[PDB]
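Commentary on secondary and tertiary structure
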Amino acid sequence: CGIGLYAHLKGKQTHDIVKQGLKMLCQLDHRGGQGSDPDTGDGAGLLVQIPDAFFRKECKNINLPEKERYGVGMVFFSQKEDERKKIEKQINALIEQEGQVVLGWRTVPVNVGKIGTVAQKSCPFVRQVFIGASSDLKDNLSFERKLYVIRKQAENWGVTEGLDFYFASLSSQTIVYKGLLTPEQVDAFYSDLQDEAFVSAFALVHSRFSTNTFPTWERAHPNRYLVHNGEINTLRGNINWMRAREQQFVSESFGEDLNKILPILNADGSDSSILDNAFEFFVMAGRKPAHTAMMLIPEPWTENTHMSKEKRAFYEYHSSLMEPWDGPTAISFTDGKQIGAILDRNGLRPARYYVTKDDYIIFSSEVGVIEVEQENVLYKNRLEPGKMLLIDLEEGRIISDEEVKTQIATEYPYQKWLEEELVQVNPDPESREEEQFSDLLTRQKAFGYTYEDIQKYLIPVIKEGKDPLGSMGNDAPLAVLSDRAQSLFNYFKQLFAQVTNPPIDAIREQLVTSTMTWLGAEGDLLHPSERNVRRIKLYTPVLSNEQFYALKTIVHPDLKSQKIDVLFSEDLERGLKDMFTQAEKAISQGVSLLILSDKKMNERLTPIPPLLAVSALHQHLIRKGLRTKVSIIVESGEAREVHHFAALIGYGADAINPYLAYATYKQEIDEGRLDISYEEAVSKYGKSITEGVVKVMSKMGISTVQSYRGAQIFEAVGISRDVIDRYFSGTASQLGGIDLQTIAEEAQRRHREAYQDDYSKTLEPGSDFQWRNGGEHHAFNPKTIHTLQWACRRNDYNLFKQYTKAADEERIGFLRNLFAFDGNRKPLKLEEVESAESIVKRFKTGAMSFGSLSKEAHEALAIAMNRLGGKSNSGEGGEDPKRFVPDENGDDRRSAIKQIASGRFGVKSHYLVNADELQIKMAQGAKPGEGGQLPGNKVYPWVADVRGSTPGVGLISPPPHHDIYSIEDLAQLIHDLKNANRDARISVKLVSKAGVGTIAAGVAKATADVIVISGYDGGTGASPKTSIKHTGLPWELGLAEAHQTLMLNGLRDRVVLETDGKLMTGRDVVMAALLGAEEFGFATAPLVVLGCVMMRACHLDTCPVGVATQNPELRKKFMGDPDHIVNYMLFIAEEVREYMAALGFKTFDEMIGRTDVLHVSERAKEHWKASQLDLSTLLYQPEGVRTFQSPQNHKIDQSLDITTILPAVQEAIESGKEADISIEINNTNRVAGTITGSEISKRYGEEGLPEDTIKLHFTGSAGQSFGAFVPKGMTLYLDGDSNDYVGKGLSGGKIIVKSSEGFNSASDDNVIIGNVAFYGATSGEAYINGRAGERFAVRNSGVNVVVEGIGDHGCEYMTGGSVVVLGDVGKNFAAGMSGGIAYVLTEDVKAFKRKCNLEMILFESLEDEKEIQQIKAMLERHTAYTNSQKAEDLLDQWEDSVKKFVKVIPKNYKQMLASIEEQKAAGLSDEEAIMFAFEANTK
Amino acid sequence: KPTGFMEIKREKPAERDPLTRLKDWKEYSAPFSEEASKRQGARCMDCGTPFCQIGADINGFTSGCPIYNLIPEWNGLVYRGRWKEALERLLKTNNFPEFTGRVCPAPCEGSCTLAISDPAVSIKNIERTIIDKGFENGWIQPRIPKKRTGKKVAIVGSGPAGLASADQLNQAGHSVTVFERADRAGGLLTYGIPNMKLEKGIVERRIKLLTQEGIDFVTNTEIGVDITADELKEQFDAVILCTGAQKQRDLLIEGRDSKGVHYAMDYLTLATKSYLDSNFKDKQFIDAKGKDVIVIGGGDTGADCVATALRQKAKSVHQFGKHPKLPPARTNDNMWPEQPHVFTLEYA
Ligand SMILES: Cc1cc2nc3c(=O)[nH]c(=O)nc-3n(C[C@H](O)[C@H](O)[C@H](O)COP(=O)(O)OP(=O)(O)OC[C@H]3O[C@@H](n4cnc5c(N)ncnc54)[C@H](O)[C@@H]3O)c2cc1C
Ligand SMILES: Cc1cc2nc3c(=O)[nH]c(=O)nc-3n(C[C@H](O)[C@H](O)[C@H](O)COP(=O)(O)O)c2cc1C
Ligand code: SF4
Ligand code: SF4
Ligand code: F3S
């Protein structure tokens, strides 16, 4: 998986470059995984220039004109012939009517037998078509325009006919070969490639991963022009916006051909094909390829202070007319005579390229793709973010990005246009009026406010400056099942990114975010001038009362305003049609802003759900092709949560005016509460809501509000498919559900009750985040809680049965409660079924953070589960190594499931090797797309010591896995962990979601042994409240979809699904097993057994029962006992066995997957809305196998480690004697050392060996994740250049990286390491002889490193150690750095000041003699081990170097170090001094 | 970050000294001062999923406030110091705070989350303080519902249930009439419960408030022989039978025929009526100043009988009961979700 190109700059051509490109593809092959069989090709292809020599030599019956005056087509046909010749005639007719002369047709010979079975079965026919050029076509640009017109017309005719054929490419400078072929198979299949007549200038390539096991020849790229990497998270809003602008595109170059080319994009096409179509249209429109690429993929232009004014104006102008296309991507396009290469606005993929004395640029994903002469290599650079690697074959030079960008910016007076044409809407300060309705209570009840909602969501926002937190994630029944009337918002659940893309962070990565919003009407995109930018622009989506009134009162003729009453009486269809009529009438009149107002609403007129109204208006406008001419502002009372806000922006609303919330704040301030002033309160609320919207955006990964605005990132749960298609087209829904009539009835009921309200003047208490008697039902009610506790403490079975009955029946809690047994089968005696000891081995405790829990509770859980024989778990907070030895009494506190979270806090050689299985926390049920925060107050020394950080320092866990940028990286990490612990099983933790079946299939291909699907009902230590309530989906849908997709693809017999989340009863366990579960996880229930009372205050760290609090005073109140947990598990097992007797099932694998025994209960039909659900999706059993038998064969064998290193090093490791060896390593060898490190750690442990016991040498390019998990005492001399993730999870030892021996240029100035290095390491040394990549030392926690320059975001989340940069530094350095030191060398002090992020770092100059001596010793070792000229010169000029050095240290780290040093000097013990300093700091 | 539950120790209000408690027939306790009330309210920790509000039969004993008082909400308001809002929230659900606060035995105190090995928060005392301060400031005024539809319900029985039903129906807008045998409305609250617990001035004030609402009580109507059920049904659409439960079981044991043996209810009613009439100068009650007093049957009735005898200055009093003496702390077969059975040592 990846890309590649081998281009000759000066333009000279030979077959050698094509052969080298094929070799490059073959080498790149290793990154991908295995599908059904290794022979199948997941997708690959190659691109070249037109081979006129070969064509003239081979065709022999075409009078081929000169080089530039004809084009070559490539068409894929089915196996049949009648449709083939019909399409051939029709294409000839198209060409003839367009006026070009068809030269002829040709058939490409192919070797079918050289291909796997599936691709042989799907093998399509290939014919190349030659196009002529008329004398009128003077310019090749016009020729390409006509060819594009012909291709689009042919595609339109084909889709109208319904046939199945595809144009691979139709251009005069590019011909593309592709298919479901492995690279070793492509050359054999396309026998044309074997001829020695091809002469090309460049040769682009690409290999796909095929997340699903059912790809098609058409989908696989290289596409027509460009090769694409990663995924685009804005591909629904993208298509909607593009279709909207489609009807309004107008230009002169295409003339009337826009009518022919009306469909400009393939709706069914994938992200790469859609991007290629849009890019090709834009570049044919009359823009340069570089210009359109910059337009489509802009740099961060807002919030960035390192950009030139011309560039900032350029991007401000283009963002006003075209939205950005966010997501991990590495574009590499072509236009025949020019080439380019780009990374996304965040640079989430690697791209390292070479240059030689013969002008052979080698741009590829990794470094060692092909063998190159180190005596000829000239540059080893990296394509940094926001830098255009552009090549021009005719000129034969690498044109510099700086000058390309400068001249593009200066081509027009964008700065003057922005300065002049912007519209000012300065509000009048004397027009103030604090609005009041005098019906505040009535309106609040109508819109669904509650006193709980107010006092727990509005005041805390102002008090804390942020959204309030929580714990014990939502367990209330879905809105569709809840009997109480619920607003339409609850039916929509947010989404997030699991695989193929990371969840980007916001607070630390603020430079990438962009919250600029444009209001008005866009102009002519193809010929834009000043009317695209004569528009209003906002900083935040939310608005204040004064701002909203100013917008409404603006009377400028170009920017008009209209108010549309979004209300209805009886017929929702009539209301929506009337609203459409007002909208279209206003557009015809010429308005540009629409105001959807819920005001003026009385007992006879009720409000449409604002989400539904906005979605309907947006869809109608997009369909009629007028959305670009208007701006939809929304003023709805029911807008007070970040969830509601984000839903409105995502589904179309231009701005929100929470007038009801503002009036509520006015009332509270008048009463006396919330003493802060009204204006300050309004501003704080707006800022907090904008921050929440940014957080919700960061959850998914869309970093631009403009992109998210079009993007529809919600998944309706309980809305009918017909309604979704009508109004929410593109949204994903599984069960269908309620209808428009039901929604109208619900709204009318709520409105009528609220406007009746003739008994009291108070708001009924809410029950969303707390339980109040008579309110919304919750899974854990006090009845269930104390019944369970009493039964567990008494060991009585009748009480437990009563608890199960109460928990299950009497209400509708979850989807699984709608399933019932047929009841007509053959019961079997309880003594004939599998036993409880066999039952209990398939249970888990779920991840339990040591910081969140107390030591007593955690050890009780571990002891109980280990005694029972299941598999306990350890949270992301690591674990004290003292728990790896059983106690004298026989207790075993060791955790069988070691979790590898984003923090990588306790990851170490010992911590990983002493385990039984490994999980990868891709996400949790509550806060999937978010990280965490553990401030100084809550981080105690007894937690910091375990987590390997300084006491009393606020730790930050980044949301994404910085080692996971795609499924390929996920597979690489899985292989790394398997190599680290060969004797363990790898696991992944997912969350139910749309497409989770596809993600599970991709993971299974990535060779993850166990997949865990966790519903959003699961708990959490801390998370934002809206993330608690409106994130994820119930695990039932996720498990059903994953099982169906896996067993359809054929990989269900290679993985072991699991389940967790509110598994409170053996009925729930049986439901999960029938749905396809194998092992289960119980986390919330064991806490209740231990003594938790579901108080929902874990985040507060003030547990009254002392179950989730670190305070010793509260810990003294603990009363738990492992016997209670054992009794709970035994009772669950016995109840499950009783149901097994009832159902007549003999064994687990025998029952599993037998969903035919499930039918809907009559209670669902009785329910007034739950009866409208479609359950056939879950009740469906395709043929296949339904149990794990195969061993999930890994590729641990044949690795360089086992082959060469270990066989001569067993004696050294066992005898503790020194040994030296030299090895040749190529890029295929991935890890190269983790196995030896694991062996050393297992044999000895944390202590390791004496310094420099094993001295491994290496040569040539290294593989990805080289030298990961290396323990202390090892030393890896790598005399070459490496790939990403160097020294991942280091736990001691040295790593010396020096450029090749034949390389004589500035190795200290040429990059020698990949993006991320030393991620999550704990202690060690390093000496890198060159620049590093983006995000260097992401989570260094004790490793001292020496580098000559680093990329961007370097030293992001350090918590210790030190860094010594001998050169420049990228922007946003030390972003969130909460600990450690960074002696960054620099010359331009002020430029360094500007580059660094000033939030949480303090700068100094070296004055301490000990610091100076430490730096001197580090540089001395660096020179002694590397022979670096920069280091030698610095040692020589030490006198100037000490002055020129710059030191960086966080405030809290500095203060804590000073305090602990003062205490130690005073002469107090280490523990007492640490405690006293922590108390003083966090009083 | 509330920390009152561990940084504060539960206290009690200013009670009149026991040695002078036996002389004046008045309330034997007073509400908290402002600072003390704030400190006590601060103890409650914004308890999620509160166990002080379950209000359901558990193991044969009640637990949690059955009328579903918004206990966390108005405890938080009491701590914050806004009292009118707390009164409004209390009156949202409860209708007779002045009786519930100073009569109810407070199962909410016995059963809540904070009662795990620690003294519970004084829900009863906070409620009493809130209502007493509200009445003193005179924020409580008759609602006088404007809407009214001609109807007729004839609630029977002046007890707390009858009064609550009458108030709710009057707020709804249906005219009601309360038929009572005793001279004064209230039922048990007037005669059964002693003056000590419930000074009758508060009861009379609440009944006057209900009359101002328009309940229009009618006294001395036993609605039995006096008025026939058929005529009652014909003259009134519905009838809410809050008839009460006043029949007391008797001990079928020989020797219970001689004069002197009396019923607790009759004796308490006679004493309370005599006091309310002429400060027990009418000499139409049962006197025990120079005689021994024995009460059979433990519970609230026995406690009230002992207190009344003590105030009448009986020479000796002994309380008898079959149930074994309760333990001094929670036992194995008793848990905090259930009402405790620990030694209480209440008044009297
Ligand atoms: C702390 C505490 C202490 C308590 N102490 C006592 C105590 O000492 N003694 C005790 O008995 N209970 C006691 N109770 C119980 C409590 O008083 C009663 O359970 C409850 O108040 C009676 O409710 P009610 O609505 O039925 O009122 P009731 O007074 O029972 O309602 C009936 C009313 O109608 C009248 N009536 C009677 N017969 C008829 C009829 N045929 N037609 C019409 N009206 C009729 C009655 O005289 C009375 O006024 C105590 C409770 C608590 C919490
Ligand atoms: C207090 C608490 C803390 C949790 N912490 C983590 C965590 O740190 N990492 C994680 O992946 N899951 C965490 N979880 C989720 C569980 O480990 C598990 O994945 C699942 O959600 C439990 O489902 P259950 O509620 O049915 O027991 C936590 C759950 C709880 C209740
Ligand atoms: S004291 Fe008040 S809050 Fe407590 S149970 Fe009695 S009536 Fe309810
Ligand atoms: S009384 Fe107990 S259950 Fe009720 S709010 Fe206070 S701590 Fe929570
Ligand atoms: S919800 Fe958390 S705060 Fe304690 S009572 Fe339960 S562990």
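Rules and cut-offs
- Counting of residues restarts from 1 for each chain and follows the sequence as written, so the numbers need not equal those of the entry; residues with no coordinates are not shown.
- Here chains are named by letter from A upward and ligands by number from 1 upward, in the order in which they appear as written.
- The full assembly is larger than what is shown, and all values describe the shown chains rather than the whole.
- By convention in this description, side-chain values take in all heavy atoms of the structure and omit both hydrogens and water.
- In this description a helix means any DSSP run of H or I spanning at least four residues, a strand means any run of E spanning at least two, and both kinds are numbered starting from the N terminus.
- Each radius of gyration is computed over the set of C-alpha atoms, and the globule rule expresses the reference value as 2.2 Å times the number of residues to the power 0.38.
- Only protein chains enter the area calculation, which uses a 1.4 Å probe; residues under 20% of their type maximum are buried, those over 50% are exposed, and those in between are partly exposed.
- Any two residues having at least one pair of non-hydrogen atoms within 4.5 Å are treated as being in contact.
- Using a 1.4 Å probe, the Shrake-Rupley method yields the accessible areas, and only the shown protein chains count as cover for residues.
- In this tally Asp and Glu are treated as negative and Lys and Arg as positive; neither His nor the chain ends contributes.
- Here the site of a charge means NZ on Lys, CZ on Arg, CG on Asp, or CD on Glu.
- For two strands to pair, DSSP has to find at least two bridges joining them.
- Grid points spaced at 1 Å and placed over the protein atoms alone form the basis of the search, with a cavity being a set where a 1.4 Å probe fits but cannot get out and a pocket an open set showing protein on both sides within 12 Å along at least five of seven lines. Lining residues have an atom within 4 Å of a point.
- Grid points are joined across faces, edges and corners, and a volume is the space filled by probe spheres set on the points.
- Each residue is assigned to one class: nonpolar for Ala, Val, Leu, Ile, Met, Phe, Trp, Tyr, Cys and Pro, charged for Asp, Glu, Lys and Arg, and polar for all the others, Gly among them.
- The split into domains, and so the bounds of each, comes from an automatic or database assignment of domains.
- Accessible area that two parts lose when put together, with a 1.4 Å probe and added across both, is what the buried area reports.
- A pairing counts as a salt bridge when a side-chain nitrogen of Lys or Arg comes within 4 Å of a carboxyl oxygen of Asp or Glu.
- For this analysis, a polar contact is any N or O atom pair within 3.5 Å, provided that within protein one partner can donate a hydrogen and the other can accept it, and provided that sequence-adjacent residues contribute only side-chain to side-chain pairs.
- Patch construction takes residues with relative accessible area above 30% that form no salt bridge. Like charges are linked within 9 Å, and nonpolar side chains (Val, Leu, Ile, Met, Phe, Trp, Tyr) are linked within 5 Å.
- Working convention: axes come from line fits to C-alpha atoms, limited for helices to the stretch in contact. Angles between N-to-C directions cover 0 to 180 degrees.
- Small angles under 35 degrees read as roughly parallel and large ones over 145 as roughly antiparallel, with 65 to 115 read as roughly perpendicular and the rest as oblique.
- If you view the pair so one helix is near and one far, a crossing is left-handed when the near helix is turned anticlockwise from the far one by less than a right angle, and right-handed when it is turned clockwise.

Method of determination, as annotated in the archive: cryo-EM, at 3.9 Å resolution.

**Structural notes on the overall build of chain A**
Per the secondary structure count, chain A includes 49 helices and 50 strands. At 33 Å, chain A has a C-alpha radius of gyration in line with the 35 Å of a compact globule built from 1483 residues. With the C-alpha coordinates aligned to their principal axes, the bounding extent of chain A is approximately 95 × 90 × 80 Å. Taken over 1483 residues, chain A has a buried fraction of 66%. Considering only residue pairs separated by 6 or more positions, chain A has 71% of its internal contacts joining residues 24 or more positions apart. Carbon and sulfur atoms provide 48% of the accessible area of chain A, an area that totals close to 52900 Å². With 168 positive and 206 negative side-chain charges, chain A shows a spacing of 2 Å between the two charge centroids.

**Overview of the pairing of strand β50 (residues 1445-1449) of chain A**
Residues and elements named next belong to chain A. Burial within β50 is extensive, with five of its five residues counted as buried. The alternating pattern of β50 places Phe-1445, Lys-1447 and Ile-1449 on one face and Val-1446 and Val-1448 on the opposite face, and all of these are buried. Judged from the four bridges that link them, strand β48 (residues 1381-1385) and β50 form a sheet pairing that is antiparallel. In the strand pairing of β50, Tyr-1383 is matched with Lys-1447. Here strand β49 (residues 1402-1404) pairs with β50 via three bridges, running antiparallel. Residue pairing for β50: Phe-1403 is matched across the bridge by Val-1448.

**Here we look at empty space enclosed by the protein**
All names here are of chain A. When its volume is computed, the largest cavity comes out at roughly 210 Å³. Along the wall of the largest cavity there are 18 residues; nearest its centre are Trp-241, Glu-522, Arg-535, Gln-706 and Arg-709. Listing elements by their share of the lining of the largest cavity, those giving two or more residues are α7 (237-246), β19 (517-519) and α22 (705-710). Residue composition of the lining of the largest cavity, grouped by class: five nonpolar, six polar and seven charged. Per-domain counts for the lining of the largest cavity show at least three residues from each of domain 1 (2-419) and domain 2 (440-756). The space that makes up the second largest cavity amounts to roughly 180 Å³. The biggest single contributor to the lining of the second largest cavity is helix α24 (residues 740-756), with five residues.

**Section: the domain arrangement of chain A**
In many analyses, interface size is given as the accessible surface area lost on bringing the parts together. Residues and elements named next belong to chain A. The domain boundaries assigned to chain A delineate domain 1 (2-419), domain 2 (440-756), domain 3 (782-1166) and domain 4 (1200-1475). Across the domain 2 to domain 3 interface the summed buried area is about 4300 Å²; carbon plus sulfur atoms make up 64%. Three residues, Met-472, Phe-496 and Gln-498, lead the burial of domain 2 against domain 3; their summed loss comes to 18% of the area buried on that side. One can count two salt bridges joining domain 2 with domain 3. For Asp-475, the salt bridge is made with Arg-1096, and the minimal N-O distance between the two is 2.6 Å. The interface formed by domain 2 and domain 3 contains 14 residue pairs in polar contact. Looking at the side of domain 2 that touches domain 3, the elements that each hand over two or more residues are α15 (451-464), β17 (469-470), α19 (642-651) and α21 (678-700). The residue inventory of the side of domain 2 that touches domain 3, partitioned by class, reads 17 nonpolar, twelve polar and ten charged.

**Some details on the side chain of A:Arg151**
All names here are of chain A. Residue placement: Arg-151 occurs in helix α5 (residues 140-161). A polar atom in the side chain of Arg-151 sits 2.5 Å from the side chain of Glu-280. If we ignore the near neighbours within four places in the chain, the residues touching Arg-151 are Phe-167, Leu-170, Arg-224, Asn-277 and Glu-280.

**Remarks on the interface of chain A and chain B**
Across the contact, 34 residues belong to chain A and 40 residues belong to chain B. Between chain A and chain B, the buried area comes to about 3400 Å², and carbon and sulfur atoms account for 60% of it. Across the chain A-chain B interface, the total number found is four salt bridges. We note a salt bridge from A:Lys1117 to B:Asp118, for which the minimum N-O separation is 2.3 Å. The tally of links between chain A and chain B comes to 13 residue pairs in polar contact. The dominant element in the side of chain A that touches chain B, judged by the number of residues it contributes, is helix α25 (residues 782-794) of chain A, at seven residues. Class assignment for the residues of the side of chain A that touches chain B results in 16 nonpolar, nine polar and nine charged.

**Let's talk about the sheet that holds strand β16 (residues 397-399) of chain A**
Residues and elements named next belong to chain A. Pairing is antiparallel in the open sheet, where three strands are placed in the order β10-β15-β16. Every other strand in the sheet has two partners, leaving β10 (338-339) and β16 as the edge strands with one partner each. When strand β15 (residues 390-392) meets β16, the two strands line up antiparallel, connected through three bridges. Each residue of the ladder has a partner; that of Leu-390, found in β16, is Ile-399.

**A look at the environment of A:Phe165**
Residues and elements named next belong to chain A. Considering the arrangement of structural elements, one finds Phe-165 in the loop between α5 and β6 (166-171). Residue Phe-165 is classed as buried on the basis of its relative accessible area of 8%. C-alpha of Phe-165 to C-alpha of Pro-124: the two residues are 41 residues apart in sequence and 9.3 Å apart in space. Beyond its immediate sequence surroundings of up to four residues, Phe-165 is in contact with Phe-76, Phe-77, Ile-87, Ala-154, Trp-157 and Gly-158.

**Some thoughts on a negative patch on the surface**
Residue and element names in this part refer to chain A. There is a patch of like negative charges on the surface, built from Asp-880, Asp-945, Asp-1470, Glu-1471 and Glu-1472. It is helix α49 (residues 1470-1481) that provides the largest number of residues to the negative patch, a total of three residues. As for its position among the elements, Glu-1471 is in helix α49.

**What to know about the environment of B:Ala264**
By the secondary structure assignment, B:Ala264 is in helix α12 (residues 264-278). In sequence terms B:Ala264 and B:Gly192 are 72 residues apart; their C-alpha atoms lie 9.0 Å from each other.

**A few points about the domain arrangement of chain B**
Residues and elements named next belong to chain B. Segmenting chain B into domains produces domain 1 (1-141) and domain 2 (142-245). A separation of 28 Å is found between the C-alpha centroids of domain 1 and domain 2. Listed by partner, the interface residues are 14 residues for domain 1 and 19 residues for domain 2. Between domain 1 and domain 2, roughly 1600 Å² of surface is buried when both sides are summed, and carbon and sulfur atoms account for 63% of that area. Ranking the residues of domain 1 by area buried against domain 2 places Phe-96, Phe-99 and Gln-141 at the top, with a combined share of 36%. Counting across the interface, domain 1 meets domain 2 through one salt bridge. We note a salt bridge from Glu-98 to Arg-206, for which the minimum N-O separation is 2.3 Å. Counting every contact that joins domain 1 to domain 2 gives two residue pairs in polar contact. The element contributing the most residues to the side of domain 1 that touches domain 2 is helix α6 (residues 97-103), with five residues. Classifying every residue of the side of domain 1 that touches domain 2 gives eight nonpolar, two polar and four charged.

**Thoughts on the pattern of salt bridges**
All names here are of chain A. Tallied over the entire structure, the rule returns 81 salt bridges over all chains. Salt-bridge contacts for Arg-219 lead to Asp-268; the nearest nitrogen and oxygen are separated by 4.0 Å. Residue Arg-219 is found in the loop between β8 (204-207) and α7, and its partner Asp-268 is found in the loop between α8 (257-260) and α9 (271-284); the two are separated by 49 residues along the sequence. Overall, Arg-219 belongs to the buried group, its relative accessible area being 18%. For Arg-640, the salt bridge is made with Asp-453, and the minimal N-O distance between the two is 2.3 Å. Of this pair, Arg-640 sits in the loop between β25 (632-635) and α19 while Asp-453 sits in helix α15, and the two are 187 residues apart along the sequence. Judged by its relative accessible area of 7%, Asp-453 is buried.

**Remarks on the packing of helix α17 (residues 572-589) of chain A against helix α18 (residues 610-624) of chain A**
A pair of packed helices is captured by two measures, namely the crossing angle of their axes and the spacing between those axes. Residues and elements named next belong to chain A. Interaxial distance between α17 and α18 falls to 11 Å at its minimum, and their mutual angle equals 50 degrees. Comparing their axes, α18 and α17 come out oblique. For the element pair α17 and α18, the recorded crossing hand is right-handed. Contacts between α17 and α18 involve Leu-576, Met-579, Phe-580, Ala-583 and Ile-587 from the first element and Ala-613, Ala-616, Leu-617, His-620 and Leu-621 from the second.

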